[PDB]
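For reference, the structure discussed in these notes is given below.
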Amino acid sequence: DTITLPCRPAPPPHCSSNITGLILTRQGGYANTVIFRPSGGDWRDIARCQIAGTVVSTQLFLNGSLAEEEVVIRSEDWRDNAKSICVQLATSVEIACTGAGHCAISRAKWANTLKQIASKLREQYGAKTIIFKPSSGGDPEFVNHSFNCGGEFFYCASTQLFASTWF
Amino acid sequence: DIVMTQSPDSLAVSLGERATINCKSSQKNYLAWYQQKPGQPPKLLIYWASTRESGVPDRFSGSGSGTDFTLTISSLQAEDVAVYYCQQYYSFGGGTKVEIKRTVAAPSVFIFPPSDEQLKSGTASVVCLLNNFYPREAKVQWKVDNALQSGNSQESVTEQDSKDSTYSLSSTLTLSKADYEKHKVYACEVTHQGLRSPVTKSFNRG
Amino acid sequence: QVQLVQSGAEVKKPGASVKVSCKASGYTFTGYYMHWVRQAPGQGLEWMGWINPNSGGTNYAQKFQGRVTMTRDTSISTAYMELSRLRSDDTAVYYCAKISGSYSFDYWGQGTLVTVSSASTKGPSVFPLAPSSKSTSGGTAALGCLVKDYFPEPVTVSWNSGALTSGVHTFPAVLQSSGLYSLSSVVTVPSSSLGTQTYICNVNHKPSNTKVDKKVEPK
Ligand SMILES: *[C@@H]1O[C@H](CO)[C@@H](O)[C@H](O)[C@H]1NC(C)=O
Ligand SMILES: *[C@@H]1O[C@H](CO)[C@@H](O)[C@H](O)[C@H]1NC(C)=O
C-alpha cells in the first residue's frame, strides 16, 4: 500500500527522487502535545538547513545529503516557532513518479520515517505526543511539495504525508 | 509555548521615585519591554533585555538574565504613567499598570434617585457617586430596606485624574419600575481608607 | 519612515467574519514577518500568529486554528487578518506588528477595533441626575446626566458647551446585559450656584446622529 500524491503538471518518471530530509514549522500558542507542519517559511529556511543537493525543492529535500546512522534534527533556535526545524534522514524514502499526474511513496516506509522523526522531536521538546498536520497554507510553491526537474517546475499536494499522531 | 508573568499587575509610584517591574519566564536574552498609553499601540522601549530604543530617555533601563528580568524607571515622571509589557519570542506578559502614588483622599459621596422621566419609561437607575478619592480600592454596597443587594448593580471607575491623581467611581443600581416601587429606603454604603468609618447615603422613595 | 496603517473600526454580529487589513510602507515588505496581536478592552496582549510575506506561509496560535486566516498582497504591501465565526469575546483591538532583527516589534499598526454584538445602532436616552440635599456636602453639590442604552460606543459629553470643565467626571461606559451601553457624567459645583447658574449636559452619539442638550435643575 502506497501514498499517492497528486501533482501538476505530471512529473515524468526520470524525476523520481530520494526524499532525504524535510523542513517543518512547530505550531505556536498552547495538552502536552506538540504539532508540526511543513515549513511556513520560505527559501531562506530551506537554504540554511544545508542538507539539500542540487534540486530546488520545498517541504521535502530530494536527492540531498543523508545523516550517518539515525535521523538528526536541527534548528537555529528551538524556542522560536518562526525558525524551521531541519530534519535530515538516515535512510532515504523513494518517491516514484509514473508520468500520469502522481508520485507515490510507500506508506510503511513513510510511517516508519515519521516514527523516528517523532522520537527525535520528543527528546528535543520533552513532550509525549507528536502530531503532524498539513501545511497551514501559503503560495503554491510552499503549500505544496514543489521541485524543479529538467527545466520544469512541479507541484505535489502533500497533505497526505502530514496527518498522523505519534505517542 | 512559554508563559511570561509580570508582577505586580498595578504599581503606584511617588513622583520622582524609582519604579521596578518584574517579568519572569515559566521555563543573548531576547526580552523586550513596551510602554502602552490609552488609544495607542504598545511602544518599544528596550530590546535584548537591556538595549534602549532610539529616543527613549535614559531613566528607562532593563536588566536580568535567563529567567528573571526587570524594567526600572529611575525617577518617575508624570508622562511615564502607562501600561508596561514584557515580551519573549511571541509571548507577552500580562501587563503592569504604572500610576502616581499620592496621599490618601476620602471620597465625597452622593446618591441620586431615579428621575421621574426615567421612571416613566419603566426602569429605575439609582446612582451612587464617589468623588475624587485615593487609593482606588473602595467597597460600595447597596441596601434596599436593609437587604444587601447582589447582581443588580454595575461600577465604573475613571482613570487617574491627570491634575490631582484621584479617582472617581459611580455605582448604578438598576431595577424595574415595579421592583423599585416595592421598597422604601435606598442606601449606598461606602468603605474607604480615607473614611474614619463607612459612609451611608440614602433616601426614601418619594 | 516605517508605517503600518490598518483599516477602520468594524461592528459585527456574532457568527459573522471580519477582515482587517494592514498596509505597510517605508521598508521591504517581504523582508520581515508580520504578526497579529489583539487586546480586549482593559486586558493584555494576545498573540494570534505570524505570516511570512515572502511565501505566504503562516503559523497561527493554536487557539485560533481553523478560525483565523492570514494572507497578504505583496503588490500593495498589505497584510490581512480574517477572523470568522465571531463571538462576543472576540471584541478587541487588533494590531498588526512587524518583527525586527532583534525579535521585538518596533513598528505597530494603529489598531483596529472590532466589536462583536447582536445589538443594533441606537441613540441614548439622557436623564437628569438632579442636585438636592442628598447630593450636597459642605457648600458643594453634585449633579449630572445618566446617558443610558446606546450602541455602539462612543458618546461624548460636555457641560455648558465647554464653559464648565472644572470638576467634571465622565465615566467609562459599562456594557449592560441588554447589549447596550450606559454611562454617567457628573460635576461638582458650589451649592450657592444652584439657584442662579444653569447647568446643561451636551450629549452626542455620532453613530445614531443623536444630539441631546439636557438641562439639569435642582430638586
Ligand atoms: C534525483 O536523482 C535521480 C537519480 O540520479 C534522478 O533520476 C532524479 O531526476 C533526481 N531528482 C530530481 C528532482 O531531479
Ligand atoms: C535512491 O537511492 C538509491 C541508493 O541509495 C538508488 O539506487 C536509487 O536509484 C535512488 N532513487 C532515485 C529515484 O534516484
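Per the listing C:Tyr107, C:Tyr95, C:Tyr103, the residue uniquely of a type in the set (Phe, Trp, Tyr) and more than 8 Å from chain B (Cβ to nearest Cβ) is C:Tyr107.
Yes/no matrix, rows are residues, columns are (1) under 30 Å from B:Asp80 (Cβ atoms); (2) at the interface with chain C (Cβ under 10 Å from one of its Cβ atoms):
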site: B:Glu99; (1), (2): yes, no
site: B:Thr103; (1), (2): yes, no
site: B:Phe110; (1), (2): no, yes
site: B:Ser125; (1), (2): no, yes
site: B:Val157; (1), (2): yes, yes
site: B:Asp161; (1), (2): yes, yes
site: B:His192; (1), (2): yes, no
site: B:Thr200; (1), (2): no, no
site: B:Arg205; (1), (2): no, no
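What residue, among those in region A:48-82 that are within 14 Å of chain B (Cβ to nearest Cβ) and either within 15 Å of ligand 2 (Cβ to nearest atom) or buried (at least 18 other Cβ atoms within 10 Å of the Cβ) (or both), is nearest to C:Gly57 (Cα to Cα)? Once the filter is applied, the top-ranked residue is A:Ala82. Does region A:24-31 contain at least one residue that is more than 16 Å from ligand 2 (Cβ to nearest atom) and closer than 21 Å to A:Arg107 by Cβ? Yes: region A:24-31 contains one or more residues that are more than 16 Å from ligand 2 (Cβ to nearest atom) and closer than 21 Å to A:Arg107 by Cβ. Scanning region B:80-97 for residues that are of a type outside the set (A, V, I, L, M, F, W, C) and at the interface with another protein chain (Cβ under 8 Å from one of its Cβ atoms), we see that the one that is surrounded by the fewest Cβ atoms within 10 Å (Cβ to Cβ) is B:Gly94.
The requirement of being among the acidic types (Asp, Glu), within 11 Å of another protein chain (Cβ to nearest Cβ) and closer than 30 Å to B:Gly206 by Cα is fulfilled nowhere in region B:51-62; no residue meets it. Note on region A:116-148: among residues that are within 12 Å of chain C (Cβ to nearest Cβ) and touching a helix residue (DSSP H, G or I) at 6+ places or on another chain (Cβ under 6 Å), the one that is farthest from ligand 2 (Cβ to nearest atom) is A:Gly137. Residues of region C:38-85 that are under 22 Å from A:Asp45 (Cα atoms), in contact with a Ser or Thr (Cβ under 8 Å, 6 or more places away or on another chain) and not polar (S, T, N, Q): C:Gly49, C:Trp50, C:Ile51, C:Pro53, C:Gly56, C:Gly57, C:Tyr60, C:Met70, C:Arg72, C:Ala79.
Counting residues in region C:38-48 that are closer than 23 Å to A:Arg37 by Cα and out of contact with any helix residue (DSSP H, G or I) (no Cβ under 6 Å at 6 or more places or on another chain) gives one or more. Identify the residue in region C:53-77 that is polar (S, T, N, Q) and either facing another protein chain (nearest Cβ under 7 Å) or crowded, with 21+ Cβ neighbours inside 10 Å (or both) and, among all such residues, is farthest from B:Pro41 (Cα to Cα). Selected residue: C:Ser55. Taking the numbered list (1) in a loop (DSSP other than H, G, I, E, B); (2) out of contact with any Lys or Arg (no Cβ under 6 Å at 6 or more places or on another chain); (3) under 18 Å from C:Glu46 (Cα atoms) in turn, C:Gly101 passes all entries but (3).
Contact map, region C:129-140: residues that are more than 9 Å from chain B (Cβ to nearest Cβ) paired with residues that are among the small types (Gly, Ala, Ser) and buried (at least 17 other Cβ atoms within 10 Å of the Cβ), Cβ distance under 6 Å, separation 6+ or inter-chain. Pairs shown: C:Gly139/C:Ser191. The listed residues are C:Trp50, C:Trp36, and the only one of them that is within 14 Å of chain A (Cβ to nearest Cβ), touching a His at 6+ places or on another chain (Cβ under 6 Å) and buried (at least 21 other Cβ atoms within 10 Å of the Cβ) turns out to be C:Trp50. If you filter region B:98-138 down to residues that are closer than 16 Å to B:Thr158 by Cα and among the hydroxyl-bearing types (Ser, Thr, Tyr), you find that the one that is surrounded by the most Cβ atoms within 10 Å (Cβ to Cβ) is B:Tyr134. Under 27 Å from A:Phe154 (Cα atoms), within 13 Å of ligand 2 (Cβ to nearest atom), in contact with a strand residue (DSSP E or B) (Cβ under 9 Å, 6 or more places away or on another chain) and of a type in the set (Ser, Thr, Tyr): does that describe A:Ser92? Considered against the rule, which asks whether it is under 27 Å from A:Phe154 (Cα atoms), within 13 Å of ligand 2 (Cβ to nearest atom), in contact with a strand residue (DSSP E or B) (Cβ under 9 Å, 6 or more places away or on another chain) and of a type in the set (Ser, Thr, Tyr), A:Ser92 comes out as yes. Tally the residues that are under 14 Å from the mean Cα position of the chain (by Cα) and at the interface with chain B (Cβ under 8 Å from one of its Cβ atoms), restricting the search to region C:172-181. Adding up the residues that qualify gives 3. Counting only strands (runs of 3 or more DSSP E) wholly contained in region A:1-119, the ones carrying 2 or more residues that are more than 15 Å from the chain's Cα centre (by Cα) and within 16 Å of ligand 1 (Cβ to nearest atom) occupy A:2-8, A:85-97. Filtering C:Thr196, C:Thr210, C:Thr165 for residues that are outside the structural domain of C:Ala40 (by CATH) and more than 24 Å from the chain's Cα centre (by Cα) leaves a single hit, C:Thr196.
One residue stands out in region A:149-167 among those that are polar (S, T, N, Q) and more than 14 Å from chain C (Cβ to nearest Cβ): the one that is surrounded by the fewest Cβ atoms within 10 Å (Cβ to Cβ), namely A:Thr165. Sub-8 Å Cβ pairs linking a first residue in region B:168-184 that is within 13 Å of chain C (Cβ to nearest Cβ) and assigned to a loop (DSSP other than H, G, I, E, B) to a second residue that is crowded, with 22+ Cβ neighbours inside 10 Å and basic (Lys, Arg), at least 6 apart or interchain, number zero.
Basis: the model, the stated rules and, where named, an outside source; no laboratory instrument gave them. Cβ: placed from backbone, ideal geometry, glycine included. Neighbour counts: every protein chain shown.
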